[PDB]
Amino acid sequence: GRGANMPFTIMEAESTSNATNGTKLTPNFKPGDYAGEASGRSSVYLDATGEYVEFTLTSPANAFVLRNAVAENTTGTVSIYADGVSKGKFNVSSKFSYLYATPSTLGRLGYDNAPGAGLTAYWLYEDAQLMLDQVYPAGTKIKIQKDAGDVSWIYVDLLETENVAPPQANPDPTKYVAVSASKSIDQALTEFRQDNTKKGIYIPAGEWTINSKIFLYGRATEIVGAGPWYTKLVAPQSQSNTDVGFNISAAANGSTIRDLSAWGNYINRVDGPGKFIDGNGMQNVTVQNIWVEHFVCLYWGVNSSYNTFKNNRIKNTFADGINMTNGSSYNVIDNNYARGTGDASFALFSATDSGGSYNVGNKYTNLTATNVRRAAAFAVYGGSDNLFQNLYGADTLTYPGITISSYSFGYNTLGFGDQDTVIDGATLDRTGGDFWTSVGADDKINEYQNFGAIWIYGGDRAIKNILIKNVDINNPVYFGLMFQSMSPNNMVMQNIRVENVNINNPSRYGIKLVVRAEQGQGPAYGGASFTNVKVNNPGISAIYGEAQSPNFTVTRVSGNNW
């Protein structure tokens, strides 16, 4: 009931509703582990010819996405059956998975694709997409099976199913110049610009190369596809880390991109390039119903305002999904789905290194973000008057479900401003995790620093006016809520409120006031108010750190069972 409303249905392979003659992993929360990195922290291991997982369709489907893990540096197949009749072969491959690092060098996570001595493999799961020539009814038994000739072994994590409409044709051949076998995207855009009666271009079903950053200028431009399953923009797969996509300047304010998919060719993170859409001051641009993969980001906006991001799918990128800096204001990020982003899936960063003030007035609504391969599902870094509402986040590999931080990351930065940053209506399932190193740390349980479902981090910038309300935190890895001040700046927390929050079976505490994260770090400064904040069945205590935090005040307004 919370998050994005998407046309596809996700079914976990390990659900005991599904018959299998293979191996269900028992869950853990461990990076670089096939259960830890899986959706729902488990998957079904198919290991020998004839092993299968049998799903039952709850909704008709003609298209299927298998999130899976196969061996490093292999491509192959796994079989799919409909009611016991074999119907195709998924094309599975570890070409975009397996990024290498070390427990002590987790800052390199996402950047290094080559195996080497002493390196652990992370980011183990990738996706295979398959469309079948039949719409199958609900109640169909869809069997994922390892036949002779299929890959040696495979971890089956989940299957999304979708009933995909037929491809939409050119809305009007007189108003949209058509990409074709003889006409490239670039050429169609030239003809559009040069003929004032055209509203833009139509990209039809098929696979179209994008080896370029396509700049949209001149006037508001409409870029329309036949559907994400049918219109595929394809970065050249023979190459790697090719910066392609769209750049939308202010000349093309009011432009539209919709109903297509873009398949990148990145195999590791690169900082600078790699965004599918570049927003430099763009305004009133609508990005709608696109499906992006294997880019660094879907979108990175710079001082772009009044834009709409609606119904998109962001899967398997190497850094953020959607992020915005430099006074990017009054944008609507509504009804988007993210899975397997390589950094925070949905974020707002008030960086001012390009002459912009606060990110203000933005709305991040009906969002779903799972399997965050690094950092948080939702991250808010400074800003003012920004709303995060009706969110579902789950299975972060390393970090909180929600990060609220005034840390500059080394840039010219504004902290939180005069109006509340609000987080209203969130469900976070199995969020938090392990990252960085915990040398000299208090409350030390392992090699790493441990992160609660929600992290309130005072950095080197002001941290104030934060309202967290109507949040359900189910089985966090460690804590529900975690308050932490960076030393030595010791920025004081004012006007933090937590209302109607349930923390269900946190393994350690429901509330952790960080006392010494690291050598050189001290307790948190400021305070926070608590109303109807319920901690149910903690592992150790309901709240940790109160007595050791003399510079932090806990205001128990009412309703608190701790």
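We number the residues from 1 along the sequence you see.
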Averaging only over Cα atoms, indicate whether 494-502 or 514-522 has the higher B-factor in the PDB entry. 514-522
If you take the mean CA temperature factor per stretch, which one wins between 395-403 and 483-491? 483-491
Quick one: which of 430, 232, 269, 199 shows the highest Cα temperature factor in the PDB entry? 199
Residue with highest C-alpha B-factor in the PDB entry, from 195, 259, 147, 160: 195
Comparing residue 124 with the other modelled residues of its chain, is its CA B-factor in the lowest, middle or highest third? lowest
Sorting the chain's CA B-factors, does residue 547 end up in the lowest, middle or highest third? highest
Of the three thirds of the chain ranked by Cα temperature factor, residue 289 occupies the lowest
Using the B-factor values recorded in the entry, state whether the Cα atom of residue 27 falls in the lowest, middle or highest third among the modelled residues of its chain. middle
Looking at the entry's B-factor column for C-alpha atoms only, identify whether residue 9 ranks in the lowest, middle or highest third of its chain. middle
